[PDB]
Amino acid sequence: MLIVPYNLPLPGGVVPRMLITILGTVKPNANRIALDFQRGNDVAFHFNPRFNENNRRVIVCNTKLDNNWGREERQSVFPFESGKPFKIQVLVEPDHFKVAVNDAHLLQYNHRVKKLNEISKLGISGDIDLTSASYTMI
Ligand SMILES: COc1cccc(C(=O)N[C@H]2[C@@H](O)[C@@H](CO)O[C@@H](S[C@@H]3O[C@H](CO)[C@H](O)[C@H](NC(=O)c4cccc(OC)c4)[C@H]3O)[C@@H]2O)c1
C-alpha cells in the first residue's frame, strides 16, 4: 500500500546504530527487488535480489559512483519467495551494512562510500507490495 518505487529520506545520512526496516510482500511472479542507499546520484549500497538470472536466484550487491557500477558482491543464500511477506533489516555498523531477512542474518557489505552522513536517501523498488519503511536507533 506504499507506492513503489518509494523514497525514504534518511535525515543527516546514516550512522552506526541506525536500523532500517522494510516490510512488504513479494509479488507472485517476481523478477527483482532493489534497495538503493544513495549519496546524491551515487549509490552507496545497492541490494538487488534477482529471481531469475539464468534460472538461478541470487542477491547482487554493488556501489555506483559517477554513474559507474563497481565490483559486485554476490550471495547464493536467497531468503525471498514469490508471493510471501518478508522483513528486511539493514543495520549500519561502523565497517559495514549488516542485512538480516526474516530475522536471519544474510550478508554484510563493507562501506565503499565513506561519508555515511551524506547517504541521505533510501530508494525501494521492484516487484513488491510495500507495507512500511522506517528507521530507528538501537
Ligand atoms: C532491471 O531494472 C532496473 C531498474 C533500475 C536499475 C537497474 C540497475 O541499474 N540494475 C543494474 C545493477 O543491478 C547492477 C549491479 O552491478 O547490475 C546490472 S547487470 C550487470 O551487468 C554487468 C555488465 O554491465 C555484468 O554482466 C554483471 N555481472 C557480473 O558482474 C557478475 C559477477 C560475478 C558473477 C557473475 O555471475 C553470473 C556475474 C551484471 O550483474 C544491472 O543492470 C535495473
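Atom set for the values below is all heavy atoms of this structure, side chains included, hydrogens, waters and symmetry mates excluded. Atoms within each ligand, like the ligands themselves, are counted from 1 in listed order. Index from 1, following the sequence.
- In summary, the aromatic rings of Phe51 and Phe78 are positioned with their centroids under 6.0 Å apart.
- Taking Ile, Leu, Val, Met, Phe, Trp and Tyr as hydrophobic and joining them when side-chain heavy atoms fall under 4.5 Å apart, one finds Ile3 isolated, its cluster having no other members.
- A salt bridge between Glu53 and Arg32 is absent, with no side-chain N of the basic residue lying under 4.0 Å from a carboxylate O of the acidic one.
- Between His111 and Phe97, the angle of the ring planes goes over 60°, which puts this pair in the perpendicular group of the 30/60° scheme.
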What are the distances between nitrogen or oxygen atoms of ligand 1 and protein nitrogen or oxygen atoms, counting only those under 3.5 Å?
from	atom 1	to	atom 2	distance (Å)
ligand 1	2 (O)	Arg32	NE	3.4
ligand 1	13 (O)	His46	NE2	2.7
ligand 1	13 (O)	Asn48	OD1	3.1
ligand 1	13 (O)	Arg50	NH2	2.9
ligand 1	16 (O)	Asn62	ND2	2.9
ligand 1	16 (O)	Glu72	OE2	2.6
ligand 1	17 (O)	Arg50	NH2	2.9
ligand 1	17 (O)	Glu72	OE2	3.4
ligand 1	28 (N)	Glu72	OE1	3.4
ligand 1	30 (O)	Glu72	OE1	3.2
ligand 1	40 (O)	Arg50	NH1	2.8
ligand 1	40 (O)	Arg50	NH2	3.4
ligand 1	40 (O)	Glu72	OE1	3.3
ligand 1	40 (O)	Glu72	OE2	2.6
ligand 1	40 (O)	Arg74	NH2	3.4

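- Here the side chains of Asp42 and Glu118 are not in contact, with every heavy-atom distance at 4.5 Å or above.
- A distance of 11.5 Å separates CZ of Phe37 from CG of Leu116, quoted to the nearest 0.5 Å.
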